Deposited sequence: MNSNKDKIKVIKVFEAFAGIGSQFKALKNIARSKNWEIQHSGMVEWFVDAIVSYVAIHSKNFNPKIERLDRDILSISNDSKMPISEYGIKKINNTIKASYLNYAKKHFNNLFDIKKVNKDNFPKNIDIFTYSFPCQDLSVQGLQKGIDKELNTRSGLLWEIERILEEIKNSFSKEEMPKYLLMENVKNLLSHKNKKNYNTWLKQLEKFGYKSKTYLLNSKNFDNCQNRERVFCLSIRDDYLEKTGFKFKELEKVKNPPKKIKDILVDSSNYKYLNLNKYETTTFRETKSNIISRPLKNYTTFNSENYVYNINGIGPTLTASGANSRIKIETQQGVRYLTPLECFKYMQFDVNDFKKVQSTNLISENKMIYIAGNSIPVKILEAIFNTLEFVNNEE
């Protein structure tokens, strides 16, 4: 009676999707399987392997000769020299393992109907808002569209992914983006999928973080008929609140910021349950100028900049949320963080970068909890 769930994660990062599925699997009588993934960012790949691998033993290796389109910064492709620098290192073994054991295809431009797995149960993806425009879609979405088009023609309808899940930032629903987002939804309809859009805040899913994200859950229309699946009203869900203090880690050796030069005010709580106070003459960048109270929720963790440097007031002084606490803030576990840290390949700022790019795990648990599969 156990159901094998084959998952394919496009733009996988550190695998919040895989983590969420593994977290709920027992309660659904599911066994989760990697069908494949697409992730080109070296430090995400390393971290994904660290978190999700079982009995992987890193060692110095030659980089597989076809691992050619990868990136050290997540934005730009690595040079021939950079590839040379990875070749014959422990790091190479992580990338080789992702290829061989997780079927990482690395670059979405290299995914086609000849290497895209058949019979995927859950396909996850995303795209930047620009991709809705010409420069008709572009970039990463054009590639997703191309792949769906290709497999539609070569696969039987039953071999196409049963569910699709997009995650995206809130501005996907802005005035300038929403109509063109709707045309993507039309396109998914043309591919044989019925979809529902959810705007969800992490704070309503057992987290101490204000983080509003857009999700488009799609189900293949014949599978909808077969299962009798109905979309759940997730935007009404409100779980009990959680405070920043609930995730903080005790230490005697934190670094505290010297804020003695800056004038401040009382804390104020906004409608969103964020409790903060400004620092005067600190910077000219508004989002850098706040200190957060640990008895409320915090701001959206970003990969870089002001919202990656989240100042909290504690009895011991004002400090940043640490990389460990940032993993906890995204609802990864302490053990997940320890595994990444133990690679000795990912800097503290890079850890925060990958955490900031991820998705709070319990939002995904809630979405995936609604999925229905036939006993076949």
Next item on the list: Show which contiguous pieces of the deposited sequence have no C-alpha coordinates, counting from residue 1.
Entry: 1-6, 142-152, 394-395
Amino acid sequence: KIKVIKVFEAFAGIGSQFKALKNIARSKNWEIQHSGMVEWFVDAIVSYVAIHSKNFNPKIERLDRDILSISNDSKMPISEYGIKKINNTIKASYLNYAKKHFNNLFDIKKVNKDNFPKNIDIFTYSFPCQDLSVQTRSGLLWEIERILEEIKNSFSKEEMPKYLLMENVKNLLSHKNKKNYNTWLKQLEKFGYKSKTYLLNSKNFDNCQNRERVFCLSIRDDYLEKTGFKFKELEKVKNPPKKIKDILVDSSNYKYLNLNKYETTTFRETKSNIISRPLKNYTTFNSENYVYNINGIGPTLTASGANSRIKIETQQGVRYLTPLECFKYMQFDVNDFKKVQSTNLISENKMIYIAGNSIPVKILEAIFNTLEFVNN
From here on, numbers count along this sequence of modelled residues.
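Each form is matched to the other, and the largest set of C-alpha atoms that superpose within 1.5 Å is called the rigid core.
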Next item on the list: On a core superposition, give the stretch, 148-156 or 122-130, with the larger average C-alpha separation from this form in 4 other deposited structures of this protein (RMS over structures and residues).
Entry: 122-130
Notebook entry, point to check: Out of 177-185 and 206-214, which shows the greater rigid core-aligned C-alpha deviation in 4 other deposited structures of this protein?
Noted result: 177-185
Item checked: Higher-B stretch (mean Cα B-factor, as the entry records it), 71-79 or 290-298 -> 71-79
Notebook entry, point to check: Taking only the CA atoms, which stretch has the higher mean B-factor in the record, 363-371 or 21-29?
Noted result: 21-29
Margin query: Between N204, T265, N258, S174, which one tops the list for Cα B-factor in this entry?
Written below: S174
Check: Per the entry, which of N96, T124, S276, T136 tops the list for Cα B factor?
Finding: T136
Margin query: Is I312 in the lowest, middle or highest third of its chain when residues are ranked by C-alpha B-factor?
Written below: lowest
Next item on the list: Would you check the entry's CA temperature factor for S347 and let me know if it's in the chain's lowest, middle or highest third?
Entry: lowest
Next item on the list: Sorting the chain's modelled residues by C-alpha B-factor, tell me whether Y282 ends up in the lowest, middle or highest third.
Entry: middle
Next item on the list: State the tercile, meaning the lowest, middle or highest third, of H52 with respect to the CA B-factors recorded for its chain.
Entry: middle
Item checked: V318 - which third its CA temperature factor falls in, relative to the rest of the chain -> lowest
